[PDB]
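Take a look at this single chain, the form deposited in one PDB entry, given in C-alpha cells.
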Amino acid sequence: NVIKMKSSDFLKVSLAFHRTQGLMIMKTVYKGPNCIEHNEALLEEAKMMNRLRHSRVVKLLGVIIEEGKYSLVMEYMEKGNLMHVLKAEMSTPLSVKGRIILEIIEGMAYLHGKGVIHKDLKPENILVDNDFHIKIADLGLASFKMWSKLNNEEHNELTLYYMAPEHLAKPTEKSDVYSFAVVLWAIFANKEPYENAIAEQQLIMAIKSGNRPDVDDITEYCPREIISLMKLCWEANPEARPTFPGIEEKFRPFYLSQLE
C-alpha cells in the first residue's frame, strides 16, 4: 500500500534519502498555499497507481500530502533510464537487450490487462536497475490525471519520436504498441531516431506520410525477426498492429531459442 510519508523523514525532481528507508526519487508536484481541496482525489489516484503491481512496473512508495506541499515518492533505479544505458561506455550484449525487450513486453501486457493505456511509452520512461532489469514508469504524469492537474494549478510556484501518427485521436493499446516499435529500434540503434530531421513540423508531416526510423542506421547485429517486429508494430493503421500478448507469444520462443 502507498505510505503516507512525512517531510520530517527526509533531509522539482530530486534524489531523496528517507531517514529509515533510504534512497528514493521525489517529485514535488505543488508548493504554495492550501488553495487545494483535491486531497481525497490526489491520494486515491496515488492508491490506484500503487495497485498496478508487477515486477516490470515502477512502485510508487509514498505520497506527501502536507499543508502547502504535494509530493510523489518512487523507488530509485540506479542505472537511470534506458537511453542513458544504451549510450553508456560498454555496450549492452544482445542477450541483455533481448531480455529488456521481453520485460518491456510483460510490463506493457500487464498494464493493458488492467485497462491502463500508458500513452507516453519511450526510453525516458523505461527505468533500469543495477542488474539491467527494467521498470515502466510515467515520469510526465500522463496517467496521474489529478497530480498532473495539480502540477499546473494557478497558485503553484512550480515526446514526438514515439507518438503514433494518429495523435499527430483517443489513445488506445495500439498507440502504445507503436511507441514500443520505436523503442525497439532505439534499443538496437543505441540512439534516438530521426537525427537528420530539421524542423518539428517537417517531422510530423513525414511521420504522418509513412516515414519511420532508419532501419539501415542500425549498425550492430539486429535479428531479422526483431526488424520484422518493429515494422509490424509501427504500421500506419493501428488495427494492423498486434497486441502486447500477441507480441509476447511471438517473441518469447524466439528469445528462448536465439537470445537467452
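All residue numbers are counted from 1 along the displayed sequence. Between two forms, the rigid core is defined as the largest C-alpha subset superposing within 1.5 Å.
**Student:** Does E157 go missing in at least one third of the other entries compared here?
**Tutor:** Affirmative; at least a third of those entries omit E157.
**Student:** Checking the other compared PDB entries, only those that cover the residues flanking it, does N34 lack coordinates in at least one third?
**Tutor:** Yes.
**Student:** Is there a break between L168 and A169, and how many deposited residues does it span: none, 1 to 3, 4 to 9, or 10 or more?
**Tutor:** Unmodelled stretch: 4 to 9 residues.
**Student:** What size is the break between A240 and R241 in terms of deposited sequence residues left without coordinates: none, 1 to 3, 4 to 9, or 10 or more?
**Tutor:** In the record, the chain runs straight from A240 to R241 with none unmodelled.
**Student:** If you take the mean CA temperature factor per stretch, which one wins between 24 to 32 and 52 to 60?
**Tutor:** Comparing 52 to 60 with 24 to 32, the higher average CA B-factor belongs to 24 to 32.
**Student:** Comparing average C-alpha B factors as deposited, tell me which of 203 to 211 and 36 to 44 sits higher.
**Tutor:** Per the deposited B-factors, the answer is 36 to 44.
**Student:** Looking at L72, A88, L82, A164, which has the highest CA B-factor as recorded?
**Tutor:** Highest C-alpha B-factor among the listed residues goes to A88.
**Student:** Can you tell me which of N156, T172, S179, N125 has the highest Cα temperature factor in the record?
**Tutor:** Comparing C-alpha B-factors across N156, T172, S179, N125, the maximum falls on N156.
**Student:** Going by the entry, which third of its chain does the Cα temperature factor of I247 land in?
**Tutor:** Answer is lowest: the recorded C-alpha B-factor places it there.
**Student:** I218's Cα B-factor: lowest, middle or highest third of the chain?
**Tutor:** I218: CA B-factor falls in the highest third of its chain.
**Student:** Using the B-factor values recorded in the entry, state whether the Cα atom of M77 falls in the lowest, middle or highest third among the modelled residues of its chain.
**Tutor:** Tercile = highest for this residue's CA B-factor.
**Student:** Check where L141 lands among this chain's C-alpha B-factors and tell me if it's the lowest, middle or highest third.
**Tutor:** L141: CA B-factor falls in the middle third of its chain.
**Student:** What third of the chain, by the recorded C-alpha B-factor, contains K114?
**Tutor:** For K114, whose C-alpha B-factor we compare with every modelled residue in the chain, the answer is the lowest third.
Just so it is clear, the following notes concern the form deposited in another entry, a form of the same protein that is not shown.
**Student:** For the core superposition between the shown form and the other one, please identify the residue among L52, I227, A206, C35 whose CA shift reaches 2 Å or more.
**Tutor:** After core superposition, the one over threshold is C35.
**Student:** Fitting the rigid core first, would the Cα of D129 be found 2 Å or more away between the shown form and the other one?
**Tutor:** It does not reach a 2 Å shift.
**Student:** Hey, does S95 budge by 2 Å or more at the Cα between the shown form and the other one once the core is superposed?
**Tutor:** Comparing forms between the shown form and the other one, the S95 CA shifts below 2 Å.
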